Amino acid sequence: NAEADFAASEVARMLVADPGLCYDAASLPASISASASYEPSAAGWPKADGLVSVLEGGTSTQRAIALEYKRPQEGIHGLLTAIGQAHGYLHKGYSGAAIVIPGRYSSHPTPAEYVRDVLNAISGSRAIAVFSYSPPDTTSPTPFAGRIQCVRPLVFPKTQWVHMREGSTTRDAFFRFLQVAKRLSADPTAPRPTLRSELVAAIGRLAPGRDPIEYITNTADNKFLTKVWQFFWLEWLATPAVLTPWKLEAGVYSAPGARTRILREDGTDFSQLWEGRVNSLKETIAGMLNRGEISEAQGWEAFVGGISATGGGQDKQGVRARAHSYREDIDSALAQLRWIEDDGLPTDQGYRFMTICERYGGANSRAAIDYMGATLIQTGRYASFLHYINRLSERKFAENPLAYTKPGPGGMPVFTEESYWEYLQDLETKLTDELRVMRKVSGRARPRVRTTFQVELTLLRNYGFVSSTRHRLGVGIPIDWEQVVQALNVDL
Amino acid sequence: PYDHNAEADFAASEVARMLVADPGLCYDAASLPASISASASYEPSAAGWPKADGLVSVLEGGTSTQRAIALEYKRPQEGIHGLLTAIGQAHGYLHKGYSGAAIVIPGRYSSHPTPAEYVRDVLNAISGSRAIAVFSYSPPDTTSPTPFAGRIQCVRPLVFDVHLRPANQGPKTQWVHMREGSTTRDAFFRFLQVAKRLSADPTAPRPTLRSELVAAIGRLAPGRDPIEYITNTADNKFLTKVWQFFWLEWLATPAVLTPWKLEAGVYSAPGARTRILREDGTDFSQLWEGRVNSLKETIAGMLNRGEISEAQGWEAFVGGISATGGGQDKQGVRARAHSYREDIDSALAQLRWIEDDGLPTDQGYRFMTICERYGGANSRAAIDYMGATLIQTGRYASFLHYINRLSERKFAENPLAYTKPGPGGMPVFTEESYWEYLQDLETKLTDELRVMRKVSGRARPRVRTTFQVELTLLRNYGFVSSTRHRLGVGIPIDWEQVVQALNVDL
Amino acid sequence: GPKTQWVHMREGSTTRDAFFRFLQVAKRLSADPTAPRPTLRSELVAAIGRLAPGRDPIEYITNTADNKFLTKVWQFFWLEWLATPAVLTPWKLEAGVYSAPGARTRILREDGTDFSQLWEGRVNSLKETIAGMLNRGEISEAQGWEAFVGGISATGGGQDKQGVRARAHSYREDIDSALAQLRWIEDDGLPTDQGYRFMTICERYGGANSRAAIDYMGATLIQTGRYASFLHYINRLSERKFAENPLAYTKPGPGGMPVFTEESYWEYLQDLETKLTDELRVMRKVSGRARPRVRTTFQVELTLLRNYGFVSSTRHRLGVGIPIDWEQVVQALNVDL
Amino acid sequence: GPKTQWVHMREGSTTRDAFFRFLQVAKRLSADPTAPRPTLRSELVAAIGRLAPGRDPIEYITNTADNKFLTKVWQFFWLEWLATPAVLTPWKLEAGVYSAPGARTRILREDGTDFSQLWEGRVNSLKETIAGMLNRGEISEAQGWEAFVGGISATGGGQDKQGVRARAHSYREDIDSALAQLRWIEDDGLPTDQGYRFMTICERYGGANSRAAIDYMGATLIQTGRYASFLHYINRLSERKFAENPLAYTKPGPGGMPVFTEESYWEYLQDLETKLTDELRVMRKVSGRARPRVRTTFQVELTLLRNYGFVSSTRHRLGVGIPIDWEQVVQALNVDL
DNA sequence: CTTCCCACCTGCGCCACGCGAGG
DNA sequence: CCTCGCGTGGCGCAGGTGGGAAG
DNA sequence: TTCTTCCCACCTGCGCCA
DNA sequence: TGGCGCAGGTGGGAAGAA
DNA sequence: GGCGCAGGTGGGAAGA
DNA sequence: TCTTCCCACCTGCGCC
DNA sequence: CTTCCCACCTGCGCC
DNA sequence: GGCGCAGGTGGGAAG
Ligand SMILES: [Ca+2]
Ligand SMILES: [Ca+2]
């Protein structure tokens, strides 16, 4: 008959004692007045047997929480009915609801825990609370005094495939970076490398109070990834031989022409930095030194910090600036391929690549080529790029198989290079503005521009997924689908 | 059948057909599949407390993304209060690990004529779950094979969101439930054969009984289907039909269902056996006769003494005979059929030999192939396959590991743990020590490890010794030595055969 | 004489429902090895006795010799699903005139339109010709019954007609080969694990025309049926012709814009077939029949690939030849049956 | 046909690190065959010249012969990890008496307490004896360097001392046999896929003493090495003996209760050894050299099964004999080694 | 005469649904 | 006419018992 | 308004082997 | 000689074009 | 200011 | 002899 | 004072 | 006589 009234009174007396469950910690009122009452017959379709009215310190505050009492006679099936009844109370226009349930059941040991889990993981609402009570003592005037305990309170743009660079994300770079990471994880107490006396002097002159090694590697951190990057940079790319700015033979300064320890993709020789062309950071400095415009100390400072544009050109960059560009495009490539974790530790696939390279000839070997190509296709999501371009090309060439062709010598249509470039531009516009699966920013108004899909098409051509002939009259880009099929079941 | 469980299957079939017709009911506009295939199925018996009326299984063009939509059918009989309960159990099925949940409520109620609109308004403003679909149905015509055809509309669609392992509602036995005489190998073989013969070309007309049996069923159960009464079935599922065709064809055959014999004017027992072989292979099994206190013998004795007539005997043959204080109430055909079906189907489902909907799986078909090729369920190949399945799919290997670990832990601290003085000073491992050791093992497995389930005791002169069926099966299949106990170890497991049967790749 | 290196499937015989029902019959008869026999009607046995005395009517009308498990499955499939008693009615004598009964088999058409017809689909069919001969008075009822199972020889040059025996032979020897090549039945005739998987899919998701059954059949054709090998051959021999010359078969009809025509399509297909059957020795080809019409080069493979989505419906492009859809071919290769 | 039916291991030679570093050296040298030969000391080359007049200074300190990939990796491992330049110094005090340097190699020990160590640590060691006779003037510094590579004669009761060459031969044969029987290296010496898996887990999870390396070693000992067959044999024979009498070999105790004493354990193990040797012809046995001490029956096998967890630490029990733990054995028996 | 095993017998817990008393 | 209160269908799975058979 | 042309569901019957 | 394993024909709908 | 990734330019090679 | 085209080596740009 | 284990030692047969 | 593979022995820990 009249049993939920005692539970409602107990909850009302508890709410004032513990404002934390009724109100959030951000705006918890100092004083709250709580009373118990029964809903009017016109309140709504649900009966709303009892409700506790709570008010904050202010005069205009007013909230009502309709509570639901489920006796153990209902069983474990009353838990589900209680959840539904709480939702109806909120829909009727109440501020909140309370599910008062026994602490334990004959078959269910943790009813309140289950109800709270249901309300959290699925309902996603914070306006209904759960109160599990100990068995009451009918003799006492207030059987639920101290029996009710709270359980759950209530509250009253992206490229979409792996970023790779033509000259900075070679196979040997990945191999040696992973090897250095593994060796440094094996021996965390490895000693920091050393820099030349002239190099550290120039670094100090350029920037006072800066770490010579943290400066030449373009890092501001001490994490594991920073450490392995520093070791790789100062051991494989920026070797002591490479870091020699000039040669002082016979009184005339000439670039030493020293190469690094990272093999080129073609395998003809090793890679180079700051040397090899008519203009290079290690050759303009030598030319200036022979001319006499700068001193040897100024030469070291220019080598570390670069050379300004001097008008109408790209300002040449030194070791510090090139370090950031090299670092942030081999880190991002490995992260996107998921060959390293977030902390910077090689994964199972990174260890598999290292194992393939060590067991077989090297990074420039057939097994390593196959593994890297399959990783690019599957994990690098180059298959998505191939599917996109194939779909767009087919939908453009089905309407007209001579879409971009030009008249030939005798009038026979021919797929010239201008047609290829405008077709690629249309593909780029479709992939950027319409499909929105490529982040792209314009700028750099320069005498020369760069080919659309330069690195992607270069890598695809090198790995064999597209034909050596870069275009055809009908298909457009001649995708080799047998190779893609073979690479799509490698199961790395 | 049940007036509620009959319409749930029809509603599930109609909802599956509706989802097939319009793939956008359960999917989104952006990710709309080209087309999907949907079927109706039921929750497995051993899966969680919250039990739904059924689930629609959806398979899209990926051929691997199989989903499940736990249904909740409602009837006008349970007033208007059933809407809140339906919402509650819908959230429960969502917590159970189901992608969707579809309320199947009626569209017309006495209080207000807009139940579905209210359900959506409650769901879309407070529940905030897009995986709860709402259907409103019109009074079906229960006189056609498709009563719900065209009378259900999807008022509110759903958007899809596993790991239903815990089911924290008390301890549950972790190995497969097997029995000594009811749940046997040949019963499994014949049940699977019936299921496979009924799946191909379904809707076989019916089984039939005798005129006297039908008259008795009508006399002691007016207005009930004789087949459903004599088989203790209350549904139209595929597995229910398989059980109906298996009970009255292999076990309760017309020869078996003959209670008495009127030779020389004195009632007797026909001496008729079923068509199911025994695990021994000596002779076919028996039902309701073969002992002094059996049901057929008791009925014949009552008839001879003149206590009851032919009509009362026929009624008692299917309704059983009560006990006047001393003894246990005798069991008729209906209750024994219930017991047999629930021992066999639970074991078949736990062994993963029949799917959730009822069709046999690949392992069930492999068992049928072995039995039919090698000459029955008692052949050596069938025995090996059954033992390996019991070890692997049934958690009998886990049971052996548990008991071996507990026995080793007990006997490492103190050898001669339970022994008693023998002829001289040499201790012996007598039967009392064996029973005490088994009781201690059971207490450890139940109270502390929470692996087994124990209910109560019947307070009868016999006691149902601790590991009765499990140890019998292990001894017969060779995973436990024939000598039941040993002083040093306790239960002498043969680990060579356990590891031989642990890797057969069935 | 090399054998064709992919599954032999026809267009109206080896459909998705015929396989399902044949496998269902085999599965049902595996649990009932002592199935007595199918049945005929008295006129049929009288006609068979008149034609071939001392021969079993069941094995004569089904065109079978032994009594093995596979022969039993065919006997129970022919006379119960295709040559049903309704189908085996040759005419409908109403108001003194005869006409085609209009009976259909119990096998679906593989497109959901209706059930497949047998011997009376259109004019000039067996039943229509028999009814016309009966109306004209050329033959009697007994001769009509004999012709219904023996067939009518060619009146002029033309082509002969097929009775129930010959059609049964063709259907049986083109369905058993397809089922054996897909590894859906064993050597003895018992269904394999993949046959049972197909059974379960069809019986669970609503028949052989459901999406799941279509996906399973397409994956089986690509992987087990070696249709992916055929697609690879076609693609590798096609890209080798449009790379040397992207205008191989232009047929410059319009004055300035060449267009790929149907004659160019047939020339390209003939070149592909010649390369496949002579240079590669993969296909098997037989001497043709001097007839007013001929079947195309790849009549059934191309339409099977077109229906399942592996080849575009337009079947035409100037530069690509046969447009293959490699997104669906790759997806169908990861089904892992 | 006497031939032991399990992998041949030893307590201190075939350790986890002695395999990890050996395989690492093999992998490193396979990727660069043109590598400089290891460099010895100066007088160490002279002493060999005194010992042998024509032997190579590296092919003599390693007992190697001819030339092969296996010989090269063995020499590199021996001179880089075991016979390190620091270890190869016999006396390093030179103050008022020549003491023992206490040099430890770079090979960790199984218990992980400290690095391994040869020819030092106990009174009856090679270096301590040489230092003793060099402080007393019994030999010369040149004679001491010669004896450090040749080995002192008996000069005592029954046995001789071993130098560096003979110890190198013993270590080489032990490691080579334990690696070839485990199928961790090829016949030519190249590591297999299992060896590379071992190297990967050792390098990735913190050396050969980590939990992953221990688990892999136990798994490959149970599966690839026929230790499971040995465990099955001993368990079957123990159960056969104890079924007849569950109180076999026992002796009266304090209150008359039977007890499994050490003598009972030794005679039970001796009976097992006799059954495995002279009855099943599984083991291989030889003479005992007639020495005051004798190695126990199953010394290396039981030690490995005990420290890897397949046999309880308490080496015996009353009614079972050897308390084999079958949960761990079963768990390790299903592992892709 | 007593106790164990195995093929037979036997029904306890508990959820979910339905009908009805009280308000 | 809503809400529980109580009954029960059905379901799943766990608990007895007679006769051979050894001791 | 009528003549072709391709395509599927519905028809034939080589061609080798015992 | 016939059975076995595949291969090679036609007839009406839809279309496109004159 | 550091970090994600975009955007250039020499110089063989291959021809007009 | 002059024009492009690709690759390997080289440059900064929007954004907490 | 005695015994056992496990790192460090030591030769045994046989082609 | 070199290889594949068996056999001892000191010092700590526990009784
Ligand atoms: Ca209430
Ligand atoms: Ca319901």
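Residues numbered from 1 in each chain as written, not as in the entry; some residues may be left out. Chains lettered and ligands numbered in written order. Heavy atoms only, no water. Residues with missing side-chain atoms left out of burial classes, pairs and counts.

Structure determination for this PDB entry is given in the record as cryo-EM, at a resolution of 3.15 Å.

## Quick notes on the overall build of chain B
The test is simple: Numbering of helices and strands starts at the N terminus; helices are DSSP runs of H or I of at least 4 residues and strands are runs of E of at least 2.
Each helix and strand counted, chain B has 16 helices and eight strands in total. Taken along the three principal axes of its C-alpha coordinates, chain B extends 85 × 70 × 50 Å.

## Some points on the sheet that holds strand β1 (residues 33-37) of chain A
All names here are of chain A. This is how it is decided: Two strands qualify as a pair provided DSSP detects at least 2 bridges between them. Note on geometry: axes are C-alpha line fits, over the in-contact stretch for helices, and angles between N-to-C directions span 0 to 180 degrees.
Read across the open sheet, the six strands follow the order β1-β2-β3-β4-β5-β6; overall the sheet is mixed. Unpaired on one side and paired on the other, β1 and β6 (148-152) mark the two borders of the sheet. The sheet shows a mean angle of 25° between the axes of neighbouring strands, taken without regard to direction. Taken together, the four bridges between strand β5 (residues 128-133) and β6 define a ladder with antiparallel strand orientation. Its bridge partner being in β6, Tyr133 is matched across the sheet by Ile148.

## Topic: the arrangement of the chains
Applicable threshold: What makes two residues a contact is simply this: any of their non-hydrogen atoms within 4.5 Å.
With five pairs of chains in contact, the largest contact count belongs to chains A and B. Chain D makes no contact with chain C, the minimum C-alpha separation between the two being 23 Å.

## Here's the deal with the packing of aromatic side chains
What counts, and what does not: The aromatic pairing rule takes the rings of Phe, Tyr and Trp, using the six-membered ring of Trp, and pairs them if the centres are within 6.5 Å, calling planes under 30 degrees apart stacked, those over 60 edge-to-face and the rest tilted. Comment: the charge-over-ring label is applied if NZ (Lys) or CZ (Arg) is within 6 Å of the ring centre and within 35 degrees of the ring normal.
Between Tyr69 of chain A and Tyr133 of chain A the ring centres are 5.5 Å apart and the planes differ by 85°, which places this aromatic pair in the edge-to-face class. Placement of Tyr69 of chain A in strand β3 (residues 63-69) and of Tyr133 of chain A in strand β5 is noted, with a sequence separation of 64 residues between them. The interplanar angle of 75° and the centroid separation of 6.2 Å between the aromatic rings of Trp314 of chain B and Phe317 of chain B together place this pair among those described as edge-to-face. Of the two residues, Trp314 of chain B and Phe317 of chain B are both situated in helix α9 (residues 310-319); the distance of three residues between them amounts to about one turn of the helix. Members of the aromatic cluster, each reached through a chain of ring pairs, are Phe191, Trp243, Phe246, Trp247, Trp260, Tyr267, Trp288, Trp314, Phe317 and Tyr340 of chain B. Between the NZ or CZ atom of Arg106 of chain C and the centre of the ring of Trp81 of chain C, over which it lies, the distance is 4.0 Å.

## As for the interface of chain A and chain C
Put simply, the test is: Residues were grouped as follows: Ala, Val, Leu, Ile, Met, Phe, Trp, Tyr, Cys and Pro as nonpolar; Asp, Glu, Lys and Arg as charged; and all remaining residues, including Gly, as polar.
Listed as interface residues are 14 residues of chain A and, on the opposing side, 16 residues of chain C. Mapped onto the side of chain A that touches chain C, the elements with two or more residues apiece are α15 (382-399) and α18 (481-487) of chain A. The element that contributes the greatest number of residues to the side of chain A that touches chain C is α15 of chain A, accounting for three residues. Among the residues forming the side of chain A that touches chain C, the class breakdown is ten nonpolar, two polar and two charged.

## Some points on the domain arrangement of chain B
You'll often see interface size given as the accessible area lost when the parts meet. All names here are of chain B. Worth spelling out the cut-off: The domain limits used here are those given by an automatic or database domain assignment.
For chain B, the domain assignment lists domain 1 (5-156), domain 2 (185-390) and domain 3 (395-501). Here the C-alpha centre of domain 2 lies 36 Å away from the C-alpha centre of domain 1. Elements with a minimum of two residues in the side of domain 1 that touches domain 2: α1 (5-21) and β1 (37-41). Across the side of domain 1 that touches domain 2, the residue classes tally to three nonpolar, two polar and no charged.

## Thoughts on the pattern of salt bridges
As a reminder, the rule being used: Note on definitions: salt bridges are taken to be side-chain nitrogens of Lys or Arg within 4 Å of carboxyl oxygens of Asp or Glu.
Where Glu394 of chain A meets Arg317 of chain C, a salt bridge forms, and the shortest distance between an N and an O atom there is 2.5 Å. Pair noted here: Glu394 of chain A is in helix α15 and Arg317 of chain C is in the loop between α12 (299-308) and α13 (326-332), and the two residues belong to different chains. Ionic pairing is found between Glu262 of chain D and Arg315 of chain D, a salt bridge with its closest N-O pair at 2.4 Å. Taken together, the positions of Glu262 of chain D in helix α10 (residues 262-279) and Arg315 of chain D in the loop between α11 (300-307) and α12 (326-333) put the pair 53 residues apart, joining distant regions of the chain.

## Looking at the sheet that holds β1 of chain B
Read from one edge of the open sheet, six strands run β1-β2-β3-β4-β5-β6 (chain B), paired in mixed fashion. With partners counted over all chains shown, the strands left at the sheet margins are β1 and β6 (152-156) of chain B, one partner each. With strand direction ignored, the average angle separating the axes of adjacent strands in the sheet is 30°. Where helix α2 (residues 82-96) of chain B meets the sheet, its contacts fall on β3 (66-73), β4 (100-104) and β5 (132-137) of chain B, and the angle it forms with β3 of chain B comes to roughly 160°. Across the sheet, helix α8 (residues 193-205) of chain C is in contact with β1, β2 (54-59) and β3 of chain B; its angle to β1 of chain B comes to roughly 80°.

## Quick word on the packing of α8 of chain C against helix α9 (residues 211-223) of chain C
Residues and elements named next belong to chain C. Definition in use: Geometric relationships in this document are graded by angle, where less than 35 degrees denotes roughly parallel, more than 145 denotes roughly antiparallel, 65 to 115 denotes roughly perpendicular, and other angles denote oblique. Here a crossing is taken to be left-handed if its near helix is turned anticlockwise relative to the far helix by less than a right angle, and right-handed if that turn runs clockwise.
Close contact between α8 and α9 brings their axes to 8 Å; oriented N to C, the two are set at 160°. Considered as vectors, α8 and α9 are oriented roughly antiparallel to each other. Considering how the two elements wind past one another, α8 and α9 form a crossing that is left-handed. Taking contact as the criterion, the partners of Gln194, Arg197, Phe198, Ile201, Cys202 and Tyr205 in α8 are, on α9, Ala212, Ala213 and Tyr216. Of the residues contributing to the contact of α8 with α9, the split by class is seven nonpolar, one polar and one charged.

## Quick word on the interface of chain A and chain B
In this complex, chain A contributes 23 residues to the contact, which on the side of chain B involves 22 residues. Looking at the side of chain A that touches chain B, the elements that each hand over two or more residues are α3 (77-92) and α4 (111-123) of chain A. Broken down by element, the residue count for the side of chain A that touches chain B peaks at eleven residues, all from α3 of chain A.

## Considerations on the pairing of strand β4 (residues 96-102) of chain A
Residue and element names in this part refer to chain A. For clarity, the cut-off: Handedness is read with the strands pointing away from the viewer; a crossover is right-handed when the path from the first strand over the helix to the second is clockwise.
Here β3 pairs with β4 via five bridges, running parallel. What sits directly across from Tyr69, in β4, is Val100. Alignment of β4 against β5, held across six bridges, turns out to be parallel. Within β5, the position partnered with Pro102 by the bridge is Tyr133. For the crossover from β4 across α4 to β5, the handedness is right-handed.

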